[PDB]
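Trainee: The structure under discussion is supplied below as structure tokens; questions concerning it will follow.
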Amino acid sequence: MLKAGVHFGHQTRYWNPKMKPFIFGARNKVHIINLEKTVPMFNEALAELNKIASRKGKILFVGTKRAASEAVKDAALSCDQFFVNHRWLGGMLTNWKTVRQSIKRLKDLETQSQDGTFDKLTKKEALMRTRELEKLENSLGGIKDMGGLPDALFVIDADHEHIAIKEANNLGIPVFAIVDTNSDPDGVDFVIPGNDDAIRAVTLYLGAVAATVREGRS
Amino acid sequence: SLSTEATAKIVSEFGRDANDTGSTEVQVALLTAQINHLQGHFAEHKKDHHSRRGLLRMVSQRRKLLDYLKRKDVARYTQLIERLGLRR
Amino acid sequence: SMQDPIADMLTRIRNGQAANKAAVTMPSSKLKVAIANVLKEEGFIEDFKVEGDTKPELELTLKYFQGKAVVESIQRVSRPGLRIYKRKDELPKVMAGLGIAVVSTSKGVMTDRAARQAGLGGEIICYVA
RNA sequence: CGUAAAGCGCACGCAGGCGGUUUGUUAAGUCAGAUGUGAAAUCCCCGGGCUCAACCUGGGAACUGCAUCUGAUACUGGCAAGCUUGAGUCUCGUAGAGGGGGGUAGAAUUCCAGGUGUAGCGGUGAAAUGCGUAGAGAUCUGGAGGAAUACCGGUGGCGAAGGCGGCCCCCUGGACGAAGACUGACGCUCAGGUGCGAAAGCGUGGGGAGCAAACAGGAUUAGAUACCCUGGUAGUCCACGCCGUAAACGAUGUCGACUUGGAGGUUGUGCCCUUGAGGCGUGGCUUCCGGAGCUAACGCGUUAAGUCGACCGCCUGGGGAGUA
Ligand SMILES: [Mg+2]
Ligand SMILES: [Mg+2]
Ligand SMILES: [Mg+2]
Ligand SMILES: [Mg+2]
Ligand SMILES: [Mg+2]
Ligand SMILES: [Mg+2]
Ligand SMILES: [Mg+2]
Ligand SMILES: [Mg+2]
Ligand SMILES: [Mg+2]
Ligand SMILES: [Mg+2]
Ligand SMILES: [Mg+2]
Ligand SMILES: [Mg+2]
Ligand SMILES: [Mg+2]
Ligand SMILES: [Mg+2]
Ligand SMILES: [Mg+2]
Ligand SMILES: [Mg+2]
Ligand SMILES: [Mg+2]
Ligand SMILES: [Mg+2]
Ligand SMILES: [Mg+2]
Ligand SMILES: [Mg+2]
Ligand SMILES: [Mg+2]
Ligand SMILES: [Mg+2]
């Protein structure tokens, strides 16, 4: 039933025909996602994530879309998990070897930021170092303490994070996605039909997934 | 094309009854009436190739209908031939 | 114009199968029903039904085992332009026994396996694999 | 067989090929068995003898074919009777540069006559040929004649293709939509055959303003049988007759069925208070983008170059040659 609030889908004609089974369709030329259909799938996905969390694996929230980013740095960051709230640089997963050096550089500069060399040499070299540091922080943040490939991915949007989904499929990593009417399934192992634009709705998804992952191995 | 009054006259005079516009005799009679009427039009002008293509379609349709009737019921095929004046 | 209704039935199945349709629908006929019956008993389709009386309509329910379809390839053999008849000893077998060849024998439509057991040949309607 | 060679320029159509759906009958095709025949050798499968092998040899199998007899009746064919979904007829309307004939209107170019007025006009990259003091060019008035129809105008419309634009009348072809009635497979394709078929070209008789092959002169150039300039004949126009060809192209034959979507144009129609130019549907044609699939790739993609069926046309390395 309507456990959610009032989002009733999104999008209009930019609709992917593969979403037909999940569409209700009605008011003022806007597609209405069939909430009755998503509730069982959403619960089924929540259960699988709970199973993975009990196994103590990673889930990799990604919500590059602003107005959804911080909500992964919110209590979504709480759980001992990892996120990518900014541009997903191509190759973050399919070549972990090269990005390994980038995180190593990030780690070294974080230490230097408080204990090492941060004041020596001209203020100009100080400010470039800091702005370079924050560039690494916001580009690859929570992912810093990962140290290996994940065990699952959680994507707020599918057609907007297609690069991440494709890399996961290439490496055989399960993918759980919130697919809108405009988005494309078949790259996702567990589809969750639901609006991915509304701030209220996306928080609802992140809270529910956050809550089920709070319960780790127990 | 044939006038509404003219069309009704042939239909009632060749069909088994009124509103029997589909019978082969009615169809052949209607084509024959229009083919004969157009002979005057093409005697004059004589260069209206685009309209003559419509006339040839009438001739071809009538030939096919007549062939079907001859194969189906010879007796009706004949009686129609003399009534309308067609050679073969 | 419509020259080969049987090939029409076969391609309707093929296209609907590739489009992931749940069921396909078509005008009915004795021969179509006989062929559909053989497909059902061989496990290539779920079921079939006929409706209406003056214009009977035949509907087939297609089968999927996994994400992919069940009827891998369905091909017409004896077509109106060239009809194929085989003796008992020349009956073909598709992909080495796997899959069937629908054959219309003097005792009705049946598979190549069934016809070979009954010891009589006939017209090769189609191949299914 | 879009671009590598290959869809006839387009139609109509005889022979031919193929053909919706139900019942009965026949048993020609088809299928089953049997009989006769299918020479021997050879080839193939099972032993010996030449010491082995080659070679010789016993028996079988095979000779895939033909004829006859006896059966089977699903499919194809024949015959008889049906059915309405393919095809067609009727009723009422809609849009359209569809076609043939006749009439007529306005703008403009040229020419002829006259007026006013005076030294240039025209042309080019620059010039010159050319026109002008015998009065041009410019400007105004009157008249003659031919050709084409600004704006509307629109990947707009119509036509089988070629193609078809002022307005009016006459004769005439097709397409589409609403609802109902009618016939009852009457269908699709089509070698040969027949018809239509841009422009140029040809014959006879007219007409002739503008434009303009050929031709003439002036330029450019090393040359310039050209590009540029000034003139200009056939032709372009009309009637009748011939020609039968084009990058006649969507470089894509016709017909039928099936297969996710998005945005437009144009033309019908049903219902809902039109309660303005609205809302919900349902047909025809048409443009652009794209999914699966297909493709060498480019790209095509419900108007397929996707998945299929029927028939036709055509290709088999380049040149010689679409020539003798
Ligand atoms: Mg008519
Ligand atoms: Mg070429
Ligand atoms: Mg070529
Ligand atoms: Mg063509
Ligand atoms: Mg034809
Ligand atoms: Mg039949
Ligand atoms: Mg027989
Ligand atoms: Mg012998
Ligand atoms: Mg021996
Ligand atoms: Mg021997
Ligand atoms: Mg029969
Ligand atoms: Mg010919
Ligand atoms: Mg000409
Ligand atoms: Mg002449
Ligand atoms: Mg002359
Ligand atoms: Mg000149
Ligand atoms: Mg040619
Ligand atoms: Mg052309
Ligand atoms: Mg063109
Ligand atoms: Mg050609
Ligand atoms: Mg396209
Ligand atoms: Mg020649």
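Trainee: Checking the table A:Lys124/A:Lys144; A:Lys56/A:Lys144; A:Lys107/A:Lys166; C:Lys32/C:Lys107 against a 20 Å threshold on Cα-Cα, which pairs fail?
Mentor: A:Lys124/A:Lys144; A:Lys107/A:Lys166
Trainee: A further question follows. Using alpha-carbon pairs under 8 Å, 6+ residues apart, how would you state the relative contact order of chain B in percent?
Mentor: Over chain B, the number comes to 22 percent.
Trainee: Rounded to whole Å, give me the distance from the Cα center of segment A:74-93 to that of segment B:21-88.
Mentor: 83
Trainee: Could you work out the mean projected area of the convex hull around the alpha carbons of chain A, in square nanometres to one decimal?
Mentor: Seen from a random direction, the Cα hull of chain A projects 13.8 nm² on average.
Trainee: Suppose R0 equals 41 Å. What FRET efficiency, 1/(1 + (r/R0)^6) with r the Cβ-Cβ distance, do C:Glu72 and A:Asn43 give to the nearest 0.05?
Mentor: Given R0 = 41 Å and the Cβ-Cβ separation, E is 0.70.
Trainee: From the backbone phi of segment C:20-25, what are the Karplus-calculated ³J(HN,Hα) couplings (6.51 cos²θ - 1.76 cosθ + 1.60, θ = phi - 60°) in whole Hz, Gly and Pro given as x?
Mentor: Along segment C:20-25, the couplings run 6, 5, 6, 9, 10, 9 Hz.
Trainee: Moving on. Compute a Gaussian network model of chain A, connecting alpha carbons closer than 10 Å, and tell me which residue from A:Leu127, A:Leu60, A:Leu140 fluctuates the most.
Mentor: Comparing A:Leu127, A:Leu60, A:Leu140 in the GNM, the peak value goes to A:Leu127.
Trainee: Any idea what the dipole of chain A comes to, in debye rounded to 20, about its Cα centre with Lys/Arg Cβ at +1 and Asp/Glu Cβ at -1?
Mentor: 260
Trainee: Give the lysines reachable from A:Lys3 as a straight Cα distance under 16 Å; neighbours fewer than 8 places away on the same chain don't count.
Mentor: Within reach: A:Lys37.
Trainee: Collect residues whose amide H, placed 1.01 Å from N in the peptide plane, falls under 5 Å from the amide H of C:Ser28; neighbours closer than 5 in sequence don't count.
Mentor: For C:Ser28, whose amide H was placed from the backbone, the distant partners under 5 Å are C:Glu57, C:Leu58.
Trainee: Something else: Using modelled amide H (1.01 Å from N, peptide plane; none on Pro or chain starts), what sits under 5 Å from the amide H of C:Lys49, excluding residues fewer than 5 places away?
Mentor: C:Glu59
Trainee: Please list, in order along segment C:55-61, the HN-Hα scalar couplings obtained from phi with the Karplus expression 6.51 cos²θ - 1.76 cosθ + 1.60 (θ = phi - 60°), rounded to whole Hz, x for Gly and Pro.
Mentor: 10, x, 10, 9, 10, 10, 9
Trainee: Among A:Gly207, A:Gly147, A:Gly63, which one shows the biggest mean-square fluctuation in a GNM of chain A, springs joining Cα atoms closer than 10 Å?
Mentor: Residue with maximal mean-square fluctuation among A:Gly207, A:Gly147, A:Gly63: A:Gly147.
Trainee: Mind listing the phi-derived Karplus ³J(HN,Hα) values for segment A:27-35, rounded to whole Hz, using 6.51, -1.76 and 1.60 with θ = phi - 60°, and x for any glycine or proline?
Mentor: Each residue's phi maps through the Karplus curve to give 5, 5, 6, 9, 6, 10, 5, 6, 4 Hz.
Trainee: Another question about this same structure. Run through all the Cα pairs of segment C:74-128 and give the fraction in each 5 Å bin from 0, expressed as whole percent.
Mentor: Taking all Cα pairs of segment C:74-128, the binned fractions are 5, 23, 36, 25, 10, 2 percent.
Trainee: Where in chain B are the helices, taken as whole DSSP H runs, whose Cα atoms extend 24 angstrom or more along the long axis and whose Kyte-Doolittle mean reaches at least -1.0?
Mentor: B:24-43
Trainee: Please report the equivalent ellipsoid semi-axes of segment A:1-49, computed as sqrt(5 x eigenvalue) of the Cα gyration tensor, largest first, in whole Å.
Mentor: Computed over segment A:1-49, the values are 21, 13, 8 Å.
Trainee: How large is the Kirkwood hydrodynamic radius of chain B, counting all unique pairs of alpha carbons, in Å?
Mentor: Final number for the Kirkwood radius of chain B is 13.8 Å.
Trainee: Which of A:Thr38, A:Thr94, A:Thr12 moves the most in a Gaussian network model of chain A with Cα springs under 10 Å?
Mentor: With Cα springs under 10 Å in chain A, the top fluctuation among A:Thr38, A:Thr94, A:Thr12 is at A:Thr12.
Trainee: Provide the FRET efficiency to the nearest 0.05 for the C:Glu123-C:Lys55 pair, computing r from the beta carbons and using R0 = 35 Å.
Mentor: With a Förster radius of 35 Å, E is 0.80.
Trainee: Here is a further query. Spin-label point model (7 Å from Cα, Cβ direction): what's the A:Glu215 to A:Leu121 distance in nm?
Mentor: 5.2
Trainee: I would also like to ask the following. Along its principal axes, what span do the Cα atoms of the protein assembly as shown show, with the longest given first and each in whole Å?
Mentor: So the extents along the principal axes, rounded to whole Å, are 120, 70, 44.
Trainee: Points 7 angstrom from Cα along the Cβ direction at B:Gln39 and A:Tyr14: gap in nanometres?
Mentor: The two pseudo-label positions are separated by 7.1 nm.
Trainee: Moving to a separate point now. Residues of B:72-79, mean number of Cβ from any other protein chain within 10 Å of their own Cβ, rounded to a whole number?
Mentor: Mean shielding count: 0.
Trainee: Then there's this: Below 8 Å between Cα atoms, with a sequence gap of 6+, how large is the relative contact order for chain A in percent?
Mentor: 31
Trainee: Counting only residues 5 or more places away or on other chains, whose amide H sits under 5 Å from the amide H of C:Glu72 once H atoms are built in the peptide plane?
Mentor: Close amide H contacts, sequence-distant or interchain: C:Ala129.
Trainee: Continuing with the same structure: In whole percent, what relative contact order does segment A:55-118 give with Cα contacts below 8 Å and a gap of six or more residues?
Mentor: 27
Trainee: Once you compute Rg and the Kirkwood Rh from C-alpha atoms, what is the Rg to Rh ratio for segment C:5-69?
Mentor: We get a ratio of 0.96 for segment C:5-69.
Values in this text are rule-based calculations from the coordinates and carry no lab data. Note that we place each Cβ from the backbone using ideal geometry, even for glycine, and neighbour counts take in every protein chain shown.
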